[PDB]
Trainee: 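Dropping the structure in here first, questions after.
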Amino acid sequence: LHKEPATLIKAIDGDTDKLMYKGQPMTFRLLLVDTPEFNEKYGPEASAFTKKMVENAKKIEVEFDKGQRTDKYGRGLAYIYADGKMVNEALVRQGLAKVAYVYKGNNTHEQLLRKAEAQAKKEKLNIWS
Ligand SMILES: Cc1cn([C@H]2C[C@H](OP(=O)(O)O)[C@@H](COP(=O)(O)O)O2)c(=O)[nH]c1=O
Ligand SMILES: [Ca+2]
């Protein structure tokens, strides 16, 4: 896999946001995770966590997996990095997302994320409290 450039257009919620990729606006959905919706417990906290991490970054990058790059809603499916730190992993490590939607052929970072989830669960963080 490889990282490609993008810039923030607007935060949306814990696992989606609007980025400019190859000069076009796209909604991206984070691979392999599921944050609560804004109206749900920890939803505001997931939204705030992703918003801060992406808005404070000097450099945003997107990394597509080996499979599908857009979902049935036209959202890009990627691992998003903020100054080299993976947003998907950081949400899971903080107990603000669960590992979820693991489809075969777009699952390169599954084990990295399950290790973060085990750590968040051991710590009883947030969703795991
Ligand atoms: C994360 C992800 C979601 N999706 C689809 C599955 C779910 O379909 P349904 O909308 O039919 O439930 C939806 C979950 O996204 P949200 O968690 O953003 O709602 O997005 C993919 O198809 N591929 C993916 O990698
Ligand atoms: Ca969600």
Side-chain angles (χ1 to χ4, degrees):
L1 308 189
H2 77 284
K3 294 177 187 68
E4 298 179 56
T7 58
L8 178 65
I9 296 173
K10 206 176 213 298
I12 306 175
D13 78 350
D15 64 16
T16 62
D17 63 9
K18 195 66 135 185
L19 305 178
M20 195 186 284
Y21 170 66
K22 289 180 173 188
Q24 304 304 329
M26 289 188 69
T27 297
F28 278 84
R29 172 63 164 85
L30 293 182
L31 282 172
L32 305 188
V33 303
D34 188 38
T35 48
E37 302 296 320
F38 183 84
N39 74 302
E40 286 163 2
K41 209 182 185 349
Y42 302 107
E45 287 75 14
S47 292
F49 181 96
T50 296
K51 176 167 191 291
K52 173 177 188 181
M53 190 168 174
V54 295
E55 277 180 356
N56 291 1
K58 312 133 131 104
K59 172 167 99 175
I60 296 300
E61 294 169 285
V62 301
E63 179 178 65
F64 295 102
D65 210 315
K66 286 169 200 96
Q68 179 167 120
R69 296 189 172 196
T70 56
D71 69 12
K72 65 188 184 179
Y73 302 118
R75 300 182 297 179
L77 293 171
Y79 305 107
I80 300 310
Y81 293 85
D83 291 333
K85 307 189 178 308
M86 199 203 302
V87 177
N88 313 50
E89 189 193 17
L91 281 158
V92 175
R93 180 60 180 88
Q94 290 313 307
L96 292 166
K98 292 180 184 184
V99 177
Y101 292 107
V102 180
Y103 296 96
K104 84 183 40 84
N106 261 349
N107 66 348
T108 293
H109 298 312
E110 183 185 358
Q111 286 311 126
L112 180 76
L113 294 182
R114 294 196 184 278
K115 179 58 173 295
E117 190 177 269
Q119 286 159 339
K121 192 166 180 258
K122 280 174 211 332
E123 294 177 8
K124 307 282 233 284
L125 289 178
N126 288 316
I127 289 170
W128 309 112
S129 70

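No hydrogens, no waters, no symmetry mates; every other heavy atom, side chains included, goes into these values. Whatever order the structure lists ligands and atoms in, that order sets their numbers, starting from 1. Throughout, numbering of the chain's residues begins at 1 and tracks the sequence.
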Trainee: Polar-atom distance check: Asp15 versus ligand 1, any N or O pair below 3.5 Å?
Mentor: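 No, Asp15 has no N/O under 3.5 Å of an N/O on ligand 1.
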Trainee: So that I can check it, does any N, O or S atom in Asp13 come closer than 3.0 Å to the Ca ion (ligand 2)?
Mentor: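 False for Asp13.
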Trainee: Restricting to non-hydrogen atoms, name the atom on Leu96 and the atom on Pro36 that form the minimum distance, rounded to 0.1 Å.
Mentor: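 In terms of heavy atoms, the two residues are closest at O-CD, 3.3 Å.
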Trainee: Please confirm whether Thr16 comes within less than 3.5 Å of ligand 1 when only nitrogen or oxygen atoms on both sides are compared.
Mentor: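 Between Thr16 and ligand 1 (N or O atoms, distance only) the closest approach is not under 3.5 Å.
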Trainee: In terms of residue, atom name and distance, what is the protein heavy atom nearest to atom 6 (C) of ligand 1?
Mentor: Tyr103 OH, 3.4 Å
Trainee: Before accepting this row, confirm whether a basic side-chain N of the pair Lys51/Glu55 lies closer than 4.0 Å to the acidic partner's carboxylate O.
Mentor: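 Salt bridge: yes.
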Trainee: Once rounded to 10 degrees, what value does the angle at the Ca ion (ligand 2) take between OE2 (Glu37) and OD1 (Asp34)?
Mentor: 120°
Trainee: For atom 25 (O) of ligand 1, find the nearest protein heavy atom and state the residue, atom name and distance (0.1 Å precision).
Mentor: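 The answer is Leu77 CD2, 3.6 Å.
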Trainee: Heavy atoms only: which of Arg29, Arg75, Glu37, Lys72 lies closest to atom 13 (C) of ligand 1?
Mentor: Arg75
Trainee: Tell me, do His109 and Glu89 make a side-chain contact under 4.5 Å, heavy atoms counted?
Mentor: no
Trainee: Is a side-chain donor-acceptor pair under 3.5 Å present for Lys18 with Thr27?
Mentor: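 There is such a pair (donor and acceptor under 3.5 Å, judged by atom type) between the side chains of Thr27 and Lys18.
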Trainee: Whether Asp34 and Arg29 form a salt bridge (side-chain N of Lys/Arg under 4.0 Å from carboxylate O of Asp/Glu) is what I want to check.
Mentor: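 Salt bridge: yes.
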Trainee: With heavy-atom distances below 4.0 Å as the criterion, list the atoms of ligand 1 near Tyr73.
Mentor: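 Here the atoms of ligand 1 in question are 9 (P), 10 (O), 11 (O).
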Trainee: Between OD2 of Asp15 and O of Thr35, what angle is found at the Ca ion (ligand 2), rounded to 10 degrees?
Mentor: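 Output for this angle: 90°, rounded to tens.
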Trainee: Identify which one of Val87, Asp83, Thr7, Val54 satisfies the side-chain contact (heavy atoms from CB on, under 4.5 Å) criterion when paired with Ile60.
Mentor: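 Answer after filtering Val87, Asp83, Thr7, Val54: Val54.
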Trainee: Indicate yes or no: does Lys104 engage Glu110 in a salt bridge with an N to O separation below 4.0 Å.
Mentor: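 Between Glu110 and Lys104 there is no salt bridge, as every charged N stays at least 4.0 Å from the carboxylate O atoms.
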Trainee: Heavy-atom distance under 4.5 Å between the side chains of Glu63 and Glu61, does that happen here?
Mentor: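 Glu63 does not reach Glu61 side chain to side chain.
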Trainee: Indicate, as side chain, backbone, both or neither, the part of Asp34 found under 4.0 angstrom from ligand 1 when only non-hydrogen atoms are considered.
Mentor: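 The side chain, only.
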Trainee: Please indicate, with yes or no, if any protein heavy atom is found under 4.0 Å from atom 8 (O) of ligand 1?
Mentor: yes
Trainee: Please report which non-hydrogen protein atom sits nearest to atom 12 (O) of ligand 1, along with the residue it belongs to and the distance in Å to one decimal place.
Mentor: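 Minimum-distance protein heavy atom for atom 12 (O) of ligand 1 reads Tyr101 OH, 4.5 Å.
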